[PDB]
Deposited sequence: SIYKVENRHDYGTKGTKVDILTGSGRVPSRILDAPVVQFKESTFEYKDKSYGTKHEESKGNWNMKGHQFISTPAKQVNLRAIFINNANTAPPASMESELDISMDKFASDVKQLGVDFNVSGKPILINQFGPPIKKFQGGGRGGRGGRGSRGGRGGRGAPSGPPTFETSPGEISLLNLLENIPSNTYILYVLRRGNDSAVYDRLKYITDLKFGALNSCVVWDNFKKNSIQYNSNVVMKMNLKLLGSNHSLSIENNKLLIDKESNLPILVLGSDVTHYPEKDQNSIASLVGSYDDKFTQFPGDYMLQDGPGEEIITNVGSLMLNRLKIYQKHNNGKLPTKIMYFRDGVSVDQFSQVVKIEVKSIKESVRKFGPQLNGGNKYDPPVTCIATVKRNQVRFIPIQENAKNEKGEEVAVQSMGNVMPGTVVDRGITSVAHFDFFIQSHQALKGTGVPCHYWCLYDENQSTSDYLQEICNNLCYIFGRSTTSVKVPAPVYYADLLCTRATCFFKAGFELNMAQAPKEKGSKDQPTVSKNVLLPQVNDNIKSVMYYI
């Protein structure tokens, strides 16, 4: 009666009813409505129409043309290009002016979205940048030059690394290791053969990430939709968390866990922390609660000294047979850690916020095949229930192929732009918040529409995607230092996986 895996409360009821085909036969589905997507001065709400004019392909699939980001830097930001020549030849003689041209087109392209960059600083060429060579290691000459550049970097400066060659993880890992972890300097990478095309769409996507790193907001959900994630009794936004674990960043190495968290009622920013797990292939985040301290601190700064009164914990990267341990270990770790941290932050008062835990499995064998083009929606209209040859986003299935006793459901929240879409499999593993299937399914689906670097609803709620990306970035850090850490060996966690510079601990540097 404490820390047991939740049993099913109910089934969902909302949305357009239509049967779909799966590998285990025909099954009833419901299609949930999209939330209202919010831009600076306009919204996008998908509204049902009949199949036949491709209206349906716009659900969960918009673009920024004619729109502006909700929140951008109030002051012009300096944008410094650093060309990382990760080849053994000099770049072509045309590159210098081609890069100037691309930087100028970039700045004017993204001004239209509300981001004002100054790109007058001449681009800087760095040769011979790479991992330390050849135990003893000599720092690459490029890293020496870049290290000197970073210590001298003017303030209010965003770095654009322009990579001569893509698909170079050793160079990319080290760039992030130096720039994120050592210096905490804001930066994005761009593959030159892409950037040089001067595409407004490419530039618009690139700056989505920059704007987030600059603490901006691109799109969000409407105020009406965000009420779903606000505790009515306290009028305080729910603290939404995402965690992931990744395994074997190098062979036989300890796993890496991450925990990201929201901090206001817009859910546009998810800073996070990572840590090295205790052993290899370790799926349970034993000390996840230790990562809660910064989630609470950041939340508190944005809510006038208040701690959250509800916590929503999305857990990714987990096997079905580990669910019991997720609750008995990780949920317990969250409640016990905040029991300790809360009083340190709220002036010494008891702190025991109710937790809901939801586990996601996004790679599974289930596929949903549409049977009809139209079905009757809740207004009585005949309306598209498939898009791009796939079931409508977000088709929910919580009957037939799901557990009766356990609290699970599928949602296919995204457009299948290619291939056959894969639905996300969700489990509510723990819930102290009296959550119904309709409430949880709406939240899960809604949270797919605020992944801040895409103009689409993604296949898994944004906290999960964010946590996955932070684990991947933490793996970059582990890998960039691993060769040296092996040569001079066990090695402590903080040496294998040092914590990122305090400058960016509250920044979505991983996006």
| item | value |
| --- | --- |
| Missing stretches, numbered from 1 on the deposited chain sequence and kept in order | 135 to 162, 518 to 527 |
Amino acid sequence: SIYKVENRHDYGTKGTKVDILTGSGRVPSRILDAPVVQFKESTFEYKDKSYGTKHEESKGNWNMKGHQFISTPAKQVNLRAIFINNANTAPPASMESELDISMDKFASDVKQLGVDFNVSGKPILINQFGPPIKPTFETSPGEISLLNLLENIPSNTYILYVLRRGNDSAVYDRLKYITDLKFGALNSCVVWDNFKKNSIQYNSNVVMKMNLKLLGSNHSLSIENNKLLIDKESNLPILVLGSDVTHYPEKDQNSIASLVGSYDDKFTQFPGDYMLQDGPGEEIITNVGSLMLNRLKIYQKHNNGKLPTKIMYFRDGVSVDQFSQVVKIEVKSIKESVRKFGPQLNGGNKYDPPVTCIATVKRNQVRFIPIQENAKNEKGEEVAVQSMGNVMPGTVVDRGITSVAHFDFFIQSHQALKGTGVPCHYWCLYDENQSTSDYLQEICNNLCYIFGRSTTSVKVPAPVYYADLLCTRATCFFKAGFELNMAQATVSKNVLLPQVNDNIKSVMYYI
From here on, numbers count along this sequence of modelled residues.
{"property": "480 to 488 versus 35 to 43 - greater average Cα B-factor per the deposited record", "result": "480 to 488"}
{"property": "Between the two ranges 97 to 105 and 135 to 143, the one averaging a larger CA B factor in the entry", "result": "135 to 143"}
{"property": "C-alpha B-factor winner, where the candidates are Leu214, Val171, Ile285, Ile334", "result": "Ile285"}
{"property": "Highest recorded Cα temperature factor - choice among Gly347, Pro308, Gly400, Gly421", "result": "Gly400"}
{"property": "Chain-relative CA temperature factor third for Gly25", "result": "highest"}
{"property": "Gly52 - which third its CA temperature factor falls in, relative to the rest of the chain", "result": "middle"}
{"property": "Assigned third (lowest, middle, highest) for the C-alpha B factor of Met312", "result": "middle"}
{"property": "Third of the chain, ranked by Cα B-factor, where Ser58 sits", "result": "middle"}
{"property": "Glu432 CA temperature factor, ranked by third within the chain", "result": "middle"}
